[PDB]
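Just the one chain here, laid out as C-alpha coordinates, in the form deposited in one PDB entry.
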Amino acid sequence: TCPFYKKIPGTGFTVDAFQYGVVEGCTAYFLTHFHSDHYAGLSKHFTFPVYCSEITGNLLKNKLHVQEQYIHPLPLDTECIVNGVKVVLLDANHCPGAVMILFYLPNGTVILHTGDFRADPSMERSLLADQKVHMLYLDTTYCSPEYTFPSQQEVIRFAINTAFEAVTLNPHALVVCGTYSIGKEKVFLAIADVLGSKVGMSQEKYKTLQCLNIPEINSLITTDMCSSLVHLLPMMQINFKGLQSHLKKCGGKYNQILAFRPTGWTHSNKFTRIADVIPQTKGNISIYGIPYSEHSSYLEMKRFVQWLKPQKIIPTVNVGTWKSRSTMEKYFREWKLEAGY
(Lines give C-alpha, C1' and ligand atoms only; values in the text may rest on other atoms or scores of the structure.)
Protein backbone atom coordinates (compact mmCIF):
# COMPACT_ATOMS: atom_id res chain seq x y z
CA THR A 1 0.00 0.00 0.00
CA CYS A 2 1.34 3.40 -1.18
CA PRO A 3 3.34 5.18 1.53
CA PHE A 4 2.34 8.70 2.65
CA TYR A 5 5.61 10.16 1.25
CA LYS A 6 4.59 9.24 -2.37
CA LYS A 7 1.32 11.23 -2.17
CA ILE A 8 0.83 14.94 -2.76
CA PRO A 9 -1.91 16.09 -0.33
CA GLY A 10 -4.70 18.14 -1.92
CA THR A 11 -4.27 16.68 -5.42
CA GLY A 12 -5.03 13.53 -7.35
CA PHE A 13 -1.26 13.07 -7.72
CA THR A 14 1.40 10.53 -6.79
CA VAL A 15 5.14 10.42 -7.33
CA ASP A 16 7.02 7.29 -8.45
CA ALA A 17 4.24 5.11 -7.08
CA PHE A 18 3.74 2.48 -9.81
CA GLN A 19 4.13 -0.83 -7.83
CA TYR A 20 0.94 -0.80 -5.67
CA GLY A 21 -1.66 -1.63 -8.34
CA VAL A 22 -4.31 1.06 -8.82
CA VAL A 23 -3.98 3.76 -6.11
CA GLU A 24 -7.30 5.06 -4.73
CA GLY A 25 -7.86 8.73 -5.62
CA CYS A 26 -4.98 9.06 -8.09
CA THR A 27 -5.87 10.82 -11.37
CA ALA A 28 -2.21 11.27 -12.44
CA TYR A 29 1.00 9.37 -11.81
CA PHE A 30 4.28 11.34 -11.87
CA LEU A 31 7.47 9.52 -12.73
CA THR A 32 10.62 11.50 -11.78
CA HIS A 33 13.15 9.45 -13.72
CA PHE A 34 13.68 6.02 -15.38
CA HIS A 35 15.32 3.97 -12.55
CA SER A 36 13.63 0.65 -11.78
CA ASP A 37 12.86 1.37 -8.08
CA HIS A 38 10.82 4.35 -9.29
CA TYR A 39 9.03 2.89 -12.38
CA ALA A 40 8.63 -0.65 -10.89
CA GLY A 41 5.11 -1.70 -11.88
CA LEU A 42 4.84 0.09 -15.26
CA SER A 43 4.24 -1.93 -18.44
CA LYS A 44 2.26 -1.96 -21.74
CA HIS A 45 -0.82 -2.83 -19.65
CA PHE A 46 -0.77 0.45 -17.68
CA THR A 47 -3.77 2.65 -18.62
CA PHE A 48 -3.61 5.84 -16.50
CA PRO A 49 -1.89 9.06 -17.44
CA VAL A 50 1.86 9.31 -16.85
CA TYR A 51 3.62 12.65 -16.54
CA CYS A 52 7.35 12.88 -16.88
CA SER A 53 10.10 14.54 -18.92
CA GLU A 54 10.41 14.17 -22.69
CA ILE A 55 13.40 11.84 -22.21
CA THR A 56 11.75 9.64 -19.53
CA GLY A 57 8.76 9.42 -21.93
CA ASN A 58 10.97 8.11 -24.76
CA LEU A 59 12.11 5.32 -22.44
CA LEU A 60 8.54 4.37 -21.42
CA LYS A 61 7.40 4.13 -25.07
CA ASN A 62 10.47 2.22 -26.33
CA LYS A 63 11.78 0.09 -23.39
CA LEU A 64 8.58 -0.64 -21.40
CA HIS A 65 6.16 -0.51 -24.38
CA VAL A 66 3.70 1.77 -22.51
CA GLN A 67 1.21 3.19 -25.02
CA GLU A 68 1.66 6.59 -26.65
CA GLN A 69 -1.84 7.69 -25.47
CA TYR A 70 -0.93 7.53 -21.72
CA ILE A 71 2.45 9.29 -21.78
CA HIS A 72 2.30 13.02 -21.19
CA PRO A 73 5.69 14.57 -21.52
CA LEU A 74 6.34 18.13 -20.27
CA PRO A 75 9.11 20.67 -21.08
CA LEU A 76 11.40 21.83 -18.23
CA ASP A 77 11.46 25.31 -16.72
CA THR A 78 7.94 25.90 -18.06
CA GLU A 79 4.75 26.70 -16.14
CA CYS A 80 2.30 23.87 -17.05
CA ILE A 81 -1.29 23.17 -16.04
CA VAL A 82 -2.37 19.62 -15.12
CA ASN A 83 -5.99 18.95 -13.90
CA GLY A 84 -6.11 22.67 -12.92
CA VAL A 85 -2.88 22.58 -10.85
CA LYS A 86 0.25 24.53 -11.83
CA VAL A 87 3.34 22.23 -12.04
CA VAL A 88 6.95 22.86 -13.10
CA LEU A 89 9.56 20.31 -13.99
CA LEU A 90 13.18 21.38 -13.10
CA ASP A 91 16.39 19.45 -13.94
CA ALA A 92 17.43 17.18 -11.03
CA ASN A 93 21.17 16.83 -12.02
CA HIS A 94 20.68 13.06 -11.46
CA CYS A 95 20.47 10.83 -14.58
CA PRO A 96 19.24 11.75 -18.10
CA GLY A 97 15.55 12.80 -18.14
CA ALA A 98 15.40 13.21 -14.35
CA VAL A 99 13.35 16.05 -12.95
CA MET A 100 12.32 17.71 -9.69
CA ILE A 101 8.58 18.62 -9.58
CA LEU A 102 7.18 21.88 -8.14
CA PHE A 103 3.41 21.67 -7.23
CA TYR A 104 1.42 24.94 -6.70
CA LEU A 105 -1.57 23.81 -4.62
CA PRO A 106 -4.94 25.64 -5.08
CA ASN A 107 -4.98 26.49 -1.35
CA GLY A 108 -1.68 28.48 -1.75
CA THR A 109 0.77 25.87 -0.42
CA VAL A 110 3.83 25.08 -2.54
CA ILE A 111 5.55 21.67 -2.61
CA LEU A 112 8.91 20.65 -4.07
CA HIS A 113 9.58 16.98 -4.76
CA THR A 114 13.33 16.49 -5.48
CA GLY A 115 13.07 12.95 -6.92
CA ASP A 116 16.58 11.54 -6.79
CA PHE A 117 18.87 14.63 -7.19
CA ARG A 118 22.34 16.02 -6.86
CA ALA A 119 22.02 19.49 -5.24
CA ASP A 120 23.98 22.25 -7.07
CA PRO A 121 24.23 26.06 -6.55
CA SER A 122 22.90 26.55 -10.11
CA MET A 123 19.52 25.41 -8.69
CA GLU A 124 19.45 28.57 -6.55
CA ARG A 125 18.90 30.70 -9.76
CA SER A 126 16.07 28.54 -11.17
CA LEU A 127 12.29 29.00 -10.86
CA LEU A 128 12.75 28.01 -7.16
CA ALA A 129 14.45 31.40 -6.43
CA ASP A 130 11.33 33.48 -6.88
CA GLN A 131 9.08 32.05 -4.08
CA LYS A 132 8.61 30.21 -0.79
CA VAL A 133 8.28 26.44 -0.25
CA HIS A 134 6.17 24.80 2.42
CA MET A 135 6.98 21.04 2.05
CA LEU A 136 10.20 19.48 0.78
CA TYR A 137 10.03 15.85 -0.17
CA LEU A 138 13.85 15.34 0.02
CA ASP A 139 16.23 12.71 -1.44
CA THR A 140 18.16 11.80 1.68
CA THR A 141 20.30 9.05 0.09
CA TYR A 142 23.46 10.57 1.66
CA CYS A 143 22.08 12.45 4.71
CA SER A 144 25.09 11.90 7.07
CA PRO A 145 28.32 13.88 7.58
CA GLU A 146 30.55 10.89 6.72
CA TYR A 147 29.18 11.02 3.16
CA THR A 148 31.70 13.20 1.33
CA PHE A 149 32.70 12.55 -2.27
CA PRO A 150 34.36 14.81 -4.83
CA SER A 151 32.62 16.79 -7.57
CA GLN A 152 31.66 15.20 -10.87
CA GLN A 153 34.22 17.29 -12.82
CA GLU A 154 37.05 15.96 -10.61
CA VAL A 155 36.04 12.30 -11.11
CA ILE A 156 35.75 12.91 -14.91
CA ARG A 157 39.14 14.69 -14.84
CA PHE A 158 40.75 11.59 -13.22
CA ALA A 159 38.80 9.13 -15.45
CA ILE A 160 39.96 10.65 -18.73
CA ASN A 161 43.61 10.83 -17.74
CA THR A 162 43.79 7.39 -16.01
CA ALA A 163 42.33 5.94 -19.22
CA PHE A 164 44.15 8.29 -21.65
CA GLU A 165 47.48 7.44 -19.96
CA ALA A 166 46.94 3.66 -20.05
CA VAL A 167 46.24 3.52 -23.83
CA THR A 168 49.05 5.95 -24.89
CA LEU A 169 51.47 3.50 -23.17
CA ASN A 170 49.81 0.29 -24.55
CA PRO A 171 47.58 0.93 -27.64
CA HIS A 172 46.36 -2.74 -27.42
CA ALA A 173 44.60 -2.01 -24.06
CA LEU A 174 40.81 -1.95 -23.72
CA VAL A 175 38.72 0.48 -21.67
CA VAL A 176 35.57 -1.18 -20.29
CA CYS A 177 32.97 0.76 -18.27
CA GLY A 178 30.40 -0.87 -15.99
CA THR A 179 26.70 0.00 -16.17
CA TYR A 180 23.24 -1.28 -15.08
CA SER A 181 20.77 1.60 -15.65
CA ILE A 182 20.81 5.07 -17.14
CA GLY A 183 22.97 7.74 -15.50
CA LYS A 184 26.72 8.08 -15.49
CA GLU A 185 26.86 8.68 -19.28
CA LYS A 186 29.63 11.24 -18.92
CA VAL A 187 32.12 8.77 -17.44
CA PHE A 188 31.97 6.78 -20.63
CA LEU A 189 31.19 9.49 -23.20
CA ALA A 190 34.18 11.48 -21.82
CA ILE A 191 36.80 8.72 -21.89
CA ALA A 192 35.60 7.70 -25.36
CA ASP A 193 35.62 11.28 -26.57
CA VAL A 194 39.30 11.68 -25.50
CA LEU A 195 40.49 8.30 -26.85
CA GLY A 196 38.69 9.05 -30.13
CA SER A 197 36.58 5.92 -30.09
CA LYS A 198 32.86 5.59 -30.26
CA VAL A 199 31.54 3.69 -27.25
CA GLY A 200 30.82 0.04 -27.98
CA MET A 201 27.96 -1.82 -26.27
CA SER A 202 25.18 -4.38 -26.67
CA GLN A 203 22.07 -3.89 -28.86
CA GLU A 204 19.92 -3.48 -25.68
CA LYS A 205 22.13 -0.74 -24.19
CA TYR A 206 22.47 0.88 -27.67
CA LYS A 207 18.63 1.05 -27.77
CA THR A 208 18.56 2.82 -24.40
CA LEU A 209 21.01 5.65 -25.28
CA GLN A 210 19.13 6.25 -28.54
CA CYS A 211 16.19 7.53 -26.38
CA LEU A 212 18.16 10.18 -24.40
CA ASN A 213 18.17 13.07 -27.00
CA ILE A 214 21.95 13.44 -26.85
CA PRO A 215 23.36 15.68 -29.60
CA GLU A 216 24.85 13.65 -32.47
CA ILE A 217 24.59 10.34 -30.47
CA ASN A 218 25.07 8.49 -33.82
CA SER A 219 28.60 9.90 -33.88
CA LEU A 220 29.37 8.64 -30.32
CA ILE A 221 28.05 5.02 -29.99
CA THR A 222 28.08 1.74 -31.90
CA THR A 223 27.12 -1.91 -31.52
CA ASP A 224 30.25 -2.81 -33.54
CA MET A 225 32.53 -4.08 -30.71
CA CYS A 226 35.34 -4.93 -33.21
CA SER A 227 35.36 -1.25 -34.27
CA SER A 228 35.37 -0.03 -30.64
CA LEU A 229 38.00 0.11 -27.87
CA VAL A 230 35.84 1.80 -25.18
CA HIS A 231 33.33 -0.95 -24.42
CA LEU A 232 30.43 -1.04 -21.92
CA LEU A 233 29.62 -4.13 -19.87
CA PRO A 234 26.94 -5.03 -17.29
CA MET A 235 28.15 -3.95 -13.83
CA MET A 236 27.80 -7.52 -12.49
CA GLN A 237 30.24 -8.62 -15.23
CA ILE A 238 32.96 -6.25 -13.91
CA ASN A 239 35.00 -8.74 -11.87
CA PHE A 240 38.01 -10.95 -12.77
CA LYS A 241 36.01 -13.99 -14.03
CA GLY A 242 33.80 -11.71 -16.20
CA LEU A 243 36.53 -9.45 -17.66
CA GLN A 244 38.69 -12.46 -18.53
CA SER A 245 35.65 -14.06 -20.21
CA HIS A 246 35.11 -10.86 -22.22
CA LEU A 247 38.84 -10.59 -23.03
CA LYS A 248 38.61 -13.91 -24.86
CA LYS A 249 35.59 -12.73 -26.92
CA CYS A 250 37.62 -9.74 -28.24
CA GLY A 251 39.37 -12.10 -30.66
CA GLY A 252 43.11 -11.33 -30.38
CA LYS A 253 42.60 -7.55 -30.53
CA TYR A 254 43.39 -6.38 -26.95
CA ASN A 255 45.95 -7.66 -24.37
CA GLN A 256 44.80 -5.66 -21.29
CA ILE A 257 41.48 -4.47 -19.76
CA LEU A 258 41.48 -1.13 -17.85
CA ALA A 259 38.01 -1.01 -16.29
CA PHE A 260 35.89 1.53 -14.39
CA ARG A 261 33.14 0.73 -11.88
CA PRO A 262 31.44 4.03 -11.07
CA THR A 263 30.19 3.56 -7.50
CA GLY A 264 28.17 5.99 -5.37
CA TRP A 265 29.64 6.20 -1.87
CA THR A 266 32.11 3.66 -0.52
CA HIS A 267 33.74 3.71 2.99
CA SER A 268 37.16 4.33 1.31
CA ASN A 269 35.92 7.93 0.52
CA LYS A 270 36.02 8.67 4.27
CA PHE A 271 39.84 8.30 4.17
CA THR A 272 41.38 8.19 0.64
CA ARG A 273 41.26 11.18 -1.76
CA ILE A 274 40.30 10.80 -5.47
CA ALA A 275 43.81 11.52 -6.84
CA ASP A 276 45.24 8.66 -4.69
CA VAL A 277 42.86 5.99 -6.12
CA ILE A 278 44.31 2.68 -7.42
CA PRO A 279 43.02 -0.61 -9.04
CA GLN A 280 42.44 -4.24 -7.92
CA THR A 281 44.85 -6.15 -10.23
CA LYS A 282 44.84 -9.92 -11.01
CA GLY A 283 47.32 -9.85 -13.94
CA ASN A 284 46.33 -7.71 -16.97
CA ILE A 285 42.81 -6.95 -15.49
CA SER A 286 42.67 -3.69 -13.42
CA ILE A 287 39.22 -2.72 -12.02
CA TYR A 288 38.87 0.90 -10.80
CA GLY A 289 36.21 1.83 -8.27
CA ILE A 290 35.65 5.59 -8.66
CA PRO A 291 33.23 7.72 -6.64
CA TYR A 292 30.76 9.01 -9.20
CA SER A 293 27.61 10.05 -7.31
CA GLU A 294 24.39 11.10 -8.97
CA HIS A 295 23.12 12.00 -5.47
CA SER A 296 23.92 15.00 -3.26
CA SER A 297 26.65 14.70 -0.59
CA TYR A 298 25.86 15.74 2.98
CA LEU A 299 27.25 19.30 2.50
CA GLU A 300 25.47 19.80 -0.90
CA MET A 301 22.13 18.75 0.61
CA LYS A 302 22.67 20.95 3.69
CA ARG A 303 23.45 24.07 1.64
CA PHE A 304 20.41 23.35 -0.62
CA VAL A 305 17.99 23.02 2.27
CA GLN A 306 19.48 25.97 4.26
CA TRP A 307 18.97 28.14 1.18
CA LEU A 308 15.44 26.84 0.49
CA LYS A 309 14.28 27.37 4.11
CA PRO A 310 11.29 25.01 3.84
CA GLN A 311 8.66 24.88 6.60
CA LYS A 312 8.50 21.02 6.68
CA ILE A 313 10.82 18.31 5.27
CA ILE A 314 9.86 14.71 4.44
CA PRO A 315 12.63 12.11 3.70
CA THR A 316 11.94 9.79 0.71
CA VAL A 317 14.99 7.54 1.24
CA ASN A 318 16.42 5.58 4.21
CA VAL A 319 12.98 5.79 5.81
CA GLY A 320 12.82 2.11 6.76
CA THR A 321 14.64 2.07 10.12
CA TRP A 322 13.77 4.22 13.17
CA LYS A 323 17.53 4.71 13.56
CA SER A 324 17.80 6.45 10.14
CA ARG A 325 14.56 8.46 10.55
CA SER A 326 15.72 9.49 14.06
CA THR A 327 19.14 10.51 12.86
CA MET A 328 17.76 12.56 9.94
CA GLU A 329 15.44 14.89 11.94
CA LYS A 330 18.39 15.79 14.21
CA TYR A 331 20.33 17.10 11.16
CA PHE A 332 17.25 18.89 9.87
CA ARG A 333 16.83 20.57 13.26
CA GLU A 334 20.49 21.57 13.50
CA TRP A 335 20.30 23.01 9.95
CA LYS A 336 17.22 25.03 10.83
CA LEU A 337 18.78 26.38 14.10
CA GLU A 338 22.10 27.25 12.30
CA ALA A 339 20.34 29.14 9.49
CA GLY A 340 17.70 30.81 11.69
CA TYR A 341 14.49 29.62 10.02
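When you see a residue number, it is the position in the sequence shown, counting from 1. Throughout, rigid core stands for the largest set of C-alpha atoms superposing within 1.5 Å between the two forms.
Trainee: With everything overlaid on the rigid core, name the stretch, 216 to 224 or 201 to 209, whose CA atoms wander farther on average in 8 other deposited structures of this protein.
Mentor: Farther from the shown form on average in 8 other deposited structures of this protein: 216 to 224.
Trainee: Output the stretch, either 249 to 257 or 92 to 100, that has more C-alpha displacement from this form in 8 other deposited structures of this protein following superposition by the rigid core.
Mentor: Once the cores are fitted, 249 to 257 deviates more in 8 other deposited structures of this protein.
Trainee: Comparing 226 to 234 with 267 to 275, where is the mean C-alpha B-factor higher?
Mentor: On average, C-alpha B-factors are higher across 267 to 275.
Trainee: When the C-alpha temperature factors are averaged for each of 138 to 146 and 174 to 182, which stretch ends up with the higher value in the entry?
Mentor: Here the higher of the two C-alpha B-factor means belongs to 174 to 182.
Trainee: Just the C-alpha B-factor column, please: which of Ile81, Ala159, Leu169, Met201 has the biggest number?
Mentor: Most elevated C-alpha B-factor of the set, per the entry: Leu169.
Trainee: Take the CA temperature factors straight from the PDB entry and tell me which of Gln153, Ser197, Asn213, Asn107 peaks.
Mentor: When the deposited C-alpha B-factors of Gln153, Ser197, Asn213, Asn107 are compared, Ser197 is largest.
Trainee: Ordered by C-alpha B-factor within the chain, which third holds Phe332? Give me lowest, middle or highest, please.
Mentor: Tercile = lowest for this residue's CA B-factor.
Trainee: Using only modelled residues of the chain, where does the Cα B factor of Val87 rank: lowest third, middle third or highest third?
Mentor: Its C-alpha B-factor belongs to the lowest third of this chain's values.
Trainee: Name the third of the chain's ranked CA B-factors that contains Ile314, choosing lowest, middle or highest.
Mentor: According to the entry, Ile314 has a C-alpha B-factor in the chain's lowest third.
Trainee: Once the chain's modelled residues are ordered by C-alpha B factor and cut into thirds, is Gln67 in the lowest, middle or highest one?
Mentor: Middle third of the chain for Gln67's C-alpha B-factor.
Trainee: How does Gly252 rank on Cα B-factor within its chain, lowest, middle or highest third?
Mentor: Highest third, going by the recorded CA B-factors of the chain.
Only in words, not in the display: the form deposited with a small molecule bound, which the text now covers.
Trainee: Look up in the deposited bound form whether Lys312 has a non-hydrogen atom within 4.5 angstroms of the small molecule, and give yes or no.
Mentor: It does: once the small molecule is placed as it appears in the deposited bound form, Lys312 has a heavy atom within 4.5 Å of it.
Trainee: Whether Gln306 contacts the small molecule in the deposited bound form should be assessed with a 4.5 Å heavy atom distance threshold; does it?
Mentor: Yes - in the deposited bound form, heavy atoms of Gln306 and the small molecule come within 4.5 Å of each other.
Trainee: Please check if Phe332 has a heavy atom lying within 4.5 Å of any heavy atom of the small molecule in the deposited bound form.
Mentor: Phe332: yes, in contact with the small molecule in the deposited bound form.
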